[PDB]
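The next block holds one structure in the form of structure tokens; read it before the comments.
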Amino acid sequence: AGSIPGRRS
Amino acid sequence: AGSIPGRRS
Amino acid sequence: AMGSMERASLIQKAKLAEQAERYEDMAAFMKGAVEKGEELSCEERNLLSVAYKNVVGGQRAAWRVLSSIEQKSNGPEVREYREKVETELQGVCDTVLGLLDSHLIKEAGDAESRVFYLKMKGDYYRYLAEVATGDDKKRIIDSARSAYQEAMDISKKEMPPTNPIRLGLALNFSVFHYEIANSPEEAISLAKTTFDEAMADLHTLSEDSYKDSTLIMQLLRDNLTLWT
Amino acid sequence: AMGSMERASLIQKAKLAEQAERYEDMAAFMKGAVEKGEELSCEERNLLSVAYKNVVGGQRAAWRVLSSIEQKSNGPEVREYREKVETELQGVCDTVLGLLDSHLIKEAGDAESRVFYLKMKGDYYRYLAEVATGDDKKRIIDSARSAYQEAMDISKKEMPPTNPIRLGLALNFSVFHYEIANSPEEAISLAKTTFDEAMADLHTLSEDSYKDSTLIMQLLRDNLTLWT
Ligand SMILES: *Cc1ccc(S(=O)(=O)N2CCNC(=O)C2)cc1
Ligand SMILES: *Cc1ccc(S(=O)(=O)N2CCNC(=O)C2)cc1
Ligand SMILES: [Cl-]
Ligand SMILES: [Cl-]
């Protein structure tokens, strides 16, 4: 299950 | 030009 | 730590640290910028979130590797080192939560900023819940749930169903239900309703907004495919 | 920092840190193990080298990103942040060099260990040379060259031409000639002679040793293809 990666602006 | 990666035991 | 550096210089350096993949530095620059006391712009909020998501993401990945080795082993070394990584992770989550509580959330009045910060609060309590054991787990789980629920309530009143923050909030709250709260049916329901309501609003969007919303919709669909 | 932890526990934790991709922790565990004062086994020397190569490799990649942005820009922020990363990188190289000087090299009597540590010494002076400017550059370059040359002299007397450490030493010394010493013809010569002399000794090897030596030979060939 994936959350928002959220790791790149 | 590549040196030894050397980053994994 | 960053009290002597100008706000604008901290923001500039956070952007350079992202380019250099120096995420601990990025997070420390953005902590310093928050501590200047001014509200954050949209771009600055995203820098803060990217920095900490990368820091805590590496910690979580390491904790999962160590926890897997520890479970298979069941000397003190694996447990001791898992505990060290766990404490570091908890400290980062507590730092982010402390920035949100002092004073980003209370000063956030527009829906876009308040939802963004409440989603962050839900996320960092969720990361605490991932490593929590017992009744501590219960209160931490409820803190995540309460932050996500307040963000949801605002988002549904104030944002269109395609808004990317509204979509990412719903995605992450559905993961919370599936992975933390042992509520897979609530996770599936939320992901399906969120996807369907976004689909029906795509016609209102520009080409660029369409691309932003459909990217997150595909993440919802990817979870639904894994869960059903 | 690690004075109260048992040597064997530091080594155990360095292996866990590698699995978790926690290379700063790995390097701190292996520094603590070196500082116990005993010589390192072959496997322990490789843990020390892997840990620091990963730490300094991330610093070098960040320094190159920042140096590129700084050169294109030519406020103080890009230079200040490149300088901060540079100082951190220098500090890590000085720490490794200090472990080699106190007292890994002087206690290393077998050719395998002495060559390994002298190659490391050449490598970390080479990383210092990458960021050095001016006459500082000259003495640092000569320190790299002298360490690599002593390692080469021992390796050619004491190891077969297929030995992986001998091969990796020659590879990295050829990169030194090409990238640092402005001696591309010496780089090409060394890589070609090293490759040819290894090829002629492959017939003596087991299947597993053949695989280890040919992997490094291909790196020599890859550089020769880029340089010719
Ligand atoms: C939590 C979350 C929600 C949406 C995104 S994003 O759509 O990838 N995007 C990041 C850049 N600026 C934005 O406003 C949204 C990321 C995370
Ligand atoms: C510098 C260097 C030379 C050779 C190697 S390796 O052949 O990949 N190997 C690492 C594992 N144990 C060894 O003895 C050699 C790496 C680096
Ligand atoms: Cl406000
Ligand atoms: Cl000895």
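Naming: A, B, ... by sequence-line order, numbering from 1 per chain.
- Listed by sequence position, D/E179 are the residues of residues 177-188 of chain D in contact with chain B, using a 4.5 angstrom heavy-atom cutoff.
- Counted within 6.0 Å of CD on D/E21, heavy atoms from surrounding residues, nucleotides or ligands total 12 or fewer; the atom is thus considered open.
- Here the shortest heavy-atom pairing between D/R126 and B/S3 reads NH2-CB, 3.9 Å.
- In this structure, B/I4 CD1 and D/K53 NZ are separated by 7.5 Å, a value rounded to the nearest 0.5 Å.
- Counting heavy-atom pairs closer than 4.5 Å to chain B, the top residue among D/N172, D/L226, D/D222 is D/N172.
- Taking all atoms of both residues into account, the shortest heavy-atom contact from B/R7 to D/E18 is O-OE2, 4.4 Å.
- Counting heavy-atom neighbours within 6.0 Å of D/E38 CD, excluding the residue itself, gives a total of 12 or less.
- Residues passing the side-chain contact (heavy atoms from CB on, under 4.5 Å) test with D/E35 are D/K31, D/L99, sequence neighbours excluded.
- If you measure heavy-atom distances from D/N223 to chain B, the contacts under 4.5 Å come from the side chain alone.
- The environment of CD in D/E24 is sparse: at most 12 heavy-atom neighbours from other residues, nucleotides or ligands sit within 6.0 Å.
- The minimum heavy-atom distance linking D/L47 with B/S9 is given by the pair CD2-CB, 4.3 Å.
- Atom CD of D/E6 has 12 or fewer neighbouring heavy atoms from other residues, nucleotides or ligands inside a 6.0 Å radius.
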